[PDB]
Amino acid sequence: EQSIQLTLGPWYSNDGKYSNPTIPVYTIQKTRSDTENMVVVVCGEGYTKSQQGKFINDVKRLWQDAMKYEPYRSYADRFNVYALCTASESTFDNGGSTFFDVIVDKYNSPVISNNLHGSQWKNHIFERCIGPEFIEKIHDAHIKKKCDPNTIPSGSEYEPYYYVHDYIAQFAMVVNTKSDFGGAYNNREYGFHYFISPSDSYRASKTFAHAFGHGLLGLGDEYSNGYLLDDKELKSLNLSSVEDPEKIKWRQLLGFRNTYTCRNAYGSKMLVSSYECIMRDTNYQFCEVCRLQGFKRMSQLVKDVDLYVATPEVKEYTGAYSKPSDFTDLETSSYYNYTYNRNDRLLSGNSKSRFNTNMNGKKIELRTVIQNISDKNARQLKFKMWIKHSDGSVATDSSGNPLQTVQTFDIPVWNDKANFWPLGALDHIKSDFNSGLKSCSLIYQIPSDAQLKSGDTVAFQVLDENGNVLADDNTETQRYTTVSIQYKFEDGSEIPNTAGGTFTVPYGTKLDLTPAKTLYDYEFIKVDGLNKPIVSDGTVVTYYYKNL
């Protein structure tokens, strides 16, 4: 009941096998209008018509798994996700005719092969054919197509299609295979903004999250080689060749969690902020620099986000890794020595129980990084830190004074926001990493006469100007809860061409999103499940739309 139709001439289907395809559209997630959310369009490669149920379930699995990683998780309910059921004549492994002519080259890179059947512009199909039709028929903006992609253009072959990657934040192509491969194609000046990953490889979800890190978050491969020249140094979001810690772009993050600049290989001139990142090796999480940069990138596409508050940490303050000269050795072994030293001093998250009665007279530091997303309003955050007894009470010194401290930090405006992948940008040239960025450190001396008890821990809060708690000592290990979204007609029927997925949120989160006025041509009636704390797995939020 919901589909788009394409007209593919010889440049896109030279053998005529997909000259006029009908493509069913499935909505996996639609929590707001497409103008308010980041739109993700996923197509299938090497799935025959009878395998489209497998494709939709594969897209839901890979998507739900990608949304478990920060920074994507912080925006999980701000994406609209659509699965386009592109049918191939053959499965990918059987090797016959497929919708996207994907081949795996000698370097294990998956590519759309224009020369497989002579379709000269096959790898331009997303922005010249699928994108404009989807943006006209399905996307809430309903932008009319203005170009015929099968006729010879009189001017630029690229400029008429630049709008496609502003309405569609990302194109993803999932290949029906167990083969292990991954490929990201980002070059907006030449219309490319898609990636190719497999449905069933041993690391399928990890590959998907990594490739999405290039496409959506604008991040580079952290296994990259070479010395970055000035233009490449300024352009890169998460790589650097600056050996001086006083000048490196991410100097404010040094010593925050596992952030210690190091070479990405022996003798390498390419430096990374952490050796343990998914952008270098798919077995890891996103590093703090990738989390910050990716959060900043997505804030440009969903503009109701005001602040980034990295999860604070508490460590015993010994003086180690407290000044730039402590970060001059860039060997990978120096990164690992740094992480062992941090483990030995950690007093937060899973190491909260490492606080003991021998902490009297010792200093402790509450540290985090904050990014202001506003280019207009400066912010003031208040940090509170105290020593709390196992029975909730606040520990005191030998005179009855509580072992508590407070500090206020100013967060400057993000003045350079227009240079950081704003909506409509074709590239990234230069940006000031420190614009709107503030590393916050509260160093408190535990009194020599502190009355410490067995089971005491460090408690803390980060508060906004109105006293709202943005983060606390329970944040790092807080439970996440699974939410399921369902789409129904007024009579209770599941809306055809919907395949409602799940995402996770911090326990107690109140979802406050304005539902889209329409789902396909159905008008919104009501929603059950919003503006109420999510405190159970399998919590269902049901969106009701009126049938035609």
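When you see a residue number, it is the position in the sequence shown, counting from 1.
Higher mean CA temperature factor between 337-345 and 71-79: 337-345, per the PDB entry. For the pair 171-179 and 451-459, the mean Cα B-factor is higher in 451-459.
Taking only the listed residues 166, 316, 200, 276, the entry reports the highest CA temperature factor at 316. Take 132, 267, 215, 220 and read off each C-alpha B-factor from the entry; 267 has the highest. The deposited CA B-factor of residue 419 belongs to the middle third of values across its chain.
For residue 513, the recorded CA B-factor ranks within the highest third of the chain. Only modelled residues enter the ranking. Placement of the Cα temperature factor of residue 484 within the chain: highest third of the modelled residues, per the deposited record.
Looking at the C-alpha B-factors along this chain, the one for residue 259 belongs to the lowest third. Residue 356 sits in the highest third of its chain by CA B factor, as recorded in the PDB entry.
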